[PDB]
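# No sequence on hand, only this structure:
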Ligand SMILES: [Ca+2]
Ligand SMILES: [Ca+2]
Ligand SMILES: [Ca+2]
């Protein structure tokens, strides 16, 4: 049996303020529903999910969480944005789908602090935020999704990005290139071309082919289209080159979103 | 291999008549498609599913079966209403999804009588009813869904309902509060608040979050949102208090629908 | 990890030409995305999937592949048509859904030639065709879907078709009767009526009930509505009669599509 709780009131919710959603340790957080009003998702900046003071996932703005859910075609409602720790799209290969989905839940056992920090923009009309938690029996943090932010400049022609962090033992579920002039992209590991120079229209067709929604000004490289976690990129230590070849038509700075995965560690990624 | 059969003609289908769909014993009924015309679903009153003369499930009107299917976002077609014994939304935890869904099928082995009784309203224009059965190999009644009806007066303020039947060994998949002025509800068992006083808007958001459709003038407490049968309320013999705290804005009569579950017994619930 | 490749250019793509998509042997083809322009799907005739020179699946026109995907409610996009070897609708009974779906992938190991032949109509405006492959680790051809074409005369009244090929050990996933005047159909094996004389409206309701789309001028007999491969017709070497009783209202020649299934054999069906 799951428990639906109305989280404690968020302290000091005001424009230009730096607030935090301190989660009580002990149980597992499958989903966290954040209700907002008097402020836009884009006005909720620097969203960070921290476990024991260490960064887990980061969102430039709350709007990126809305887009993250939209991509998987999850239920979107105005005035509310959810933090889906449990991945509903997961499919089991040697275990049930339910087990594969719940494995991403935010367990808090052994944790000292679980927080969701963010800053309220100064222009916020009259910010009002509350949260509801869909919890289950306690478990260790364990397997978690680690959304990381990276900013790289793009040229008009070809741009190569090979300096992406490769935490050993971790995996890469997907890579999102946020740019308005990306025509085609190619992904390779150690010379091996896992993703040919696919045109945007072709890449976007495959995405939609798997029930995903194409995000505006974004080139998504989904490594878990089938929902199989073992299809994701395994950051094996012996890997010598993890490269991305981007064919752009504009000279701009792109925001590269990398969805990492791995067993959460006190001293890990 | 399944068998699709055109059930025998329904005897005496006329306005103001009391008809019955007598099902032949021997096999398993996964789904029963009831075609209707010259009558409205609301004109088909007191729908009772009886096994060996005992009541299994009850519907005030056929319209409640239409709403039951609509809630799960099942295919709805005008002129036809189906009895989904097999629950398509079920997900397996230690077994396959298919096994978890088919486990609810209406097995008839060992039964003496299997009937679907109902009364045709007098205002019925020109009632015409036929049925089709989607069957499979015979099995005992076994695990079945037992829809029960309850009527309780709801006040403007706070009302508490703790006298709901607690058949030992049985489970509760969901509870539907049919009232027009329900603002928030709270569910608890033995003091433990499994469902905080959740506002309708918040409760309805979680429901939709799991692919469910919100029913008009209804507050649904779904204990199987994930499709996992083990998330439902297990009516343990030791439970001392099963309470519901309803915050209404109107003084009215609510129809409380309780979806029970358990292994069918000739002398059980 | 899967590999998305831009297949080699299709040789001699012109109106009235006979082209072929020669697939490199070694890996497994889960899906093949065929992009087309300057030609209609109906202008791409006699589509044949050949393994070692032998016929596996056949499509009168590329439009039949579009309808095949539409029926399962797969993502349809103008200018592109995919060959879904892996069946996304598959559900596991004693194995995971993923295993049951991927089991249909087009493995090429041990093969000498893998081709997708077709003829470009003479009326083609300015045909332009390219292909992309979603591949995975190599496997033998193994379990494959074998779409077969049959033409039979339907009468206005009742027609019976009992001369359908019954390859031993193979299965039948579905049968599609392409005719404009089919009212009802009945399916039986050895006298046993597995599908009663179901009216089109009733048959089509069950189809939609399982997330399928009804095709125009087609009576589909889906034996895998639940996604369970074990629900399909097992062509037992002991079946004496496999009959189809069609109640038509027109006198026309129907195109009977039979989706066979079985482990591909160099000297088999
Ligand atoms: Ca976890
Ligand atoms: Ca049962
Ligand atoms: Ca295969």
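Perfect, thanks for sending it. Numbering: from 1, shown residues only, chains lettered A, B, ... in the order given. Ligands and ions are numbered 1, 2, ... in the order given.
# and the closest residue to residue A:101 other than its chain neighbours, how many neighbours does it have?
Distance criterion C-beta to C-beta, 6 or more residues apart in numbering or on different chains; nearest residue to residue A:101, sequence neighbours excluded, is residue A:90 at 4.0 Å. Backbone N, C-alpha and C define where each C-beta goes, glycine included. Other residues within reach of residue A:90, judged by other C-beta atoms under 10 Å in any protein chain shown, total 20.
# and what of the one 4 residues further on?
Summarising burial for residue A:94: neighbours were counted as other C-beta under 10 Å, giving 11.
# how far away is residue A:248 from residue A:151?
Using C-beta to C-beta, to the nearest Å, residue A:248 is found at 15 Å from residue A:151.
# quick one on the thing from earlier: dump the residue contacts of the residue nearest to residue A:101.
A:97, A:100, A:101, A:103, A:104, A:227, A:229 (C-beta atoms under 8 Å, 6 or more residues apart in numbering or on different chains).
# between residue A:248 and residue A:151, who's got more neighbours?
residue A:248 (22 against 10).
# how far away is that one from residue B:24?
In terms of C-beta to C-beta, residue A:248 sits 68 Å off from residue B:24.
# ok, the residue of the stretch 1-150 of chain A found nearest ligand 1 - how many residues close by?
The minimum distance from the stretch 1-150 of chain A to ligand 1, using C-beta to the ion, falls at residue A:142 (3.8 Å). Using other C-beta under 10 Å, residue A:142 has 16 neighbouring residues.
# Touching, it and residue A:102? I think so.
No: contact criterion C-beta atoms under 8 Å: residue A:142 and residue A:102 do not qualify, at 10.5 Å.
# Dihedrals phi and psi, whichever residue of the stretch 101-250 of chain A sits closest to chain B?
Residue nearest to chain B within the stretch 101-250 of chain A (C-beta to the nearest C-beta): residue A:132, separated by 5.7 Å. Note on residue A:132: backbone dihedrals following degrees, to the nearest 10 are phi -120, psi 140.
# List the contacts of it.
Contacts of residue A:132 (C-beta under 8 Å, 6+ apart): A:4, A:5, A:6, A:7, A:32, A:33, A:35, B:196, B:198, B:202, B:206.
# same thing with residue A:92?
Neighbours of residue A:92 in contact, by C-beta under 8 Å, 6+ apart: A:98, A:99, A:100, C:96, C:97, C:98.
# now with 6 Å?
Counting by C-beta atoms under 6 Å, 6 or more residues apart in numbering or on different chains, residue A:92 touches A:99, A:100, C:96.
# Please apply the same query to residue A:198.
residue A:184.
# Next, work out how far apart it and residue C:21 are.
Residue A:198 is 18 Å from residue C:21, by C-beta to C-beta.
# ok, now residue A:59?
Distance from residue A:59 to residue C:21, by C-beta to C-beta: 43 Å.
# now residue A:56
For residue A:56 relative to residue C:21 (C-beta to C-beta), the value is 46 Å.
# How about the secondary structure of the residue most central in space within chain A?
The residue lying closest to the centre of chain A (C-alpha atoms, centre = their mean) is residue A:147, at 4.0 Å. What DSSP: H, G, I helix; E, B strand; the rest coil gives for residue A:147 is strand.
# Can you say which helix or strand has the closest residue to it other than its chain neighbours in it?
Among residues not flanking residue A:147 along the chain, residue A:57 sits closest, at 3.9 Å (C-beta to C-beta, 6+ apart). For residue A:57, the element it lies in under DSSP states H and E is strand A:54-61.
# Strands of the stretch 101-250 of chain A, residue ranges please.
A:106-107, A:114-120, A:128-136, A:143-153, A:157-161, A:171-178, A:182-189, A:192-199, A:218-222, A:233-234, A:242-248 (DSSP state E, counting those that start in this stretch).
# What distance do you get for the closest residue to residue A:85 other than its chain neighbours to residue B:13?
Using C-beta to C-beta, 6+ apart and skipping residues adjacent in sequence, the residue nearest residue A:85 is residue A:106, 4.1 Å away. Using C-beta to C-beta, one gets 56 Å for the distance from residue A:106 to residue B:13.
# which one of the two has more residues nearby?
residue A:106 (27 against 18).
# thinking the more buried one is in contact with residue A:31, fair?
No: judged on C-beta atoms under 6 Å, residue A:106 makes no contact with residue A:31 at a distance of 9.1 Å.
# Pick out the residue of chain A closest to ligand 3.
As assessed by C-beta to the ion, ligand 3 sits closest to residue A:226 within chain A, at 15.6 Å.
# what separates that residue from residue C:105, distance-wise?
Distance from residue A:226 to residue C:105, by C-beta to C-beta: 11 Å.
# Tell me what the residue nearest to residue A:85 is bridged to.
Note on residue A:106: beta-bridge partners by DSSP bridges are residue A:29.
# for residue A:59, same thing?
Note on residue A:59: beta-bridge partners residue A:47, judged by DSSP bridges.
# any idea how far the residue of chain A most remote from its centre is from residue A:250?
Distance from the C-alpha centroid of chain A, by C-alpha atoms, centre = their mean, peaks at residue A:157 (28.4 Å). Per C-beta to C-beta, residue A:157 is found 10 Å from residue A:250.
# same check, this time on residue A:59
In terms of C-beta to C-beta, residue A:59 sits 24 Å off from residue A:250.
# With neighbour numbers in mind, choose between the two.
Set residue A:59 next to residue A:250 and count neighbours by other C-beta under 10 Å: residue A:59 wins out with 24 against 13.
# Does the more buried one touch residue A:66 like I think?
No: contact criterion C-beta under 6 Å: residue A:59 and residue A:66 do not qualify, at 9.6 Å.
# got the residues of the stretch 1-150 of chain A near ligand 1?
By C-beta under 5 Å from the ion, the residues of the stretch 1-150 of chain A that approach ligand 1 are A:142, A:143.
# Kindly report the residues of the stretch 1-150 of chain A close to chain C.
The stretch 1-150 of chain A comes close to chain C at residues A:91, A:92, A:93, as judged by C-beta under 6 Å from any C-beta of the partner chain.
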